[PDB]
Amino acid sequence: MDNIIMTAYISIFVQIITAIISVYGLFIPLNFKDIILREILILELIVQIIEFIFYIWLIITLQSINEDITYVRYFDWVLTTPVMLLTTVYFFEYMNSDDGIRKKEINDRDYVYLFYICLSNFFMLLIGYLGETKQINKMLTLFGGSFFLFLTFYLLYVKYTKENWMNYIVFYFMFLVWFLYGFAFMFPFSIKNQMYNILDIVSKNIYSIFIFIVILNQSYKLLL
């Protein structure tokens, strides 16, 4: 119980500071080519609203835990993970497009493919939820959930990446971190929840901080 709470507080600490940083980031002036970074940052903040509601619910609920509450995380994930996949797509498009590109152009062009990515991701989550609530066994959950994780990341890779180390860093870091949520699923209640509390810092807050630093680097001359 104590370590779940402690890791929850660590996660909340990083969430609060990341939210402050992100809000300031929204007001950094941007060159034309960089406008999509602010569109990404807005969406990451929206993800943070959901995440924070979950964490406040969690620390209140852990005072009197009587059931395995791990499944409640899926009510966050089903909202936040599709947004995070979209923002990832936007960032790859930003890195890889020779000319300035915005989210409306991407959405209007690729909505069908983006739906495929989010549908694959939804099946991953649904299988996980069935496993977390013990409606299917753990082995089926891991193999089915991992199948859809792979499919999601494959769809992302083949449409939106380029073959260079910048792309490999962003793609593989993310893929590994998301895979580690499946790794966490295997562990008992306390360890599993500690792992999710800390993985959220990496999958969400570190991404926001990254986008903020990219914004600051691109725009520092407009600031100074």
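Residue indices: 1-based, along the sequence shown.
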Per the entry, where is the mean C-alpha temperature factor higher: 77-85 or 99-107?
99-107
Entry-level comparison of average CA B-factors, 63-71 and 24-32, reporting the higher stretch:
63-71
Is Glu39 in the lowest, middle or highest third of its chain when residues are ranked by C-alpha B-factor?
lowest
How does the C-alpha B factor of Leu126 compare with the rest of the chain: lowest, middle or highest third?
highest
Ordered by C-alpha B-factor within the chain, which third holds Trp165? Give me lowest, middle or highest, please.
highest
Assigned third (lowest, middle, highest) for the C-alpha B factor of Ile16:
highest
Which third of the chain does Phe147 land in by C-alpha B-factor: lowest, middle or highest?
highest
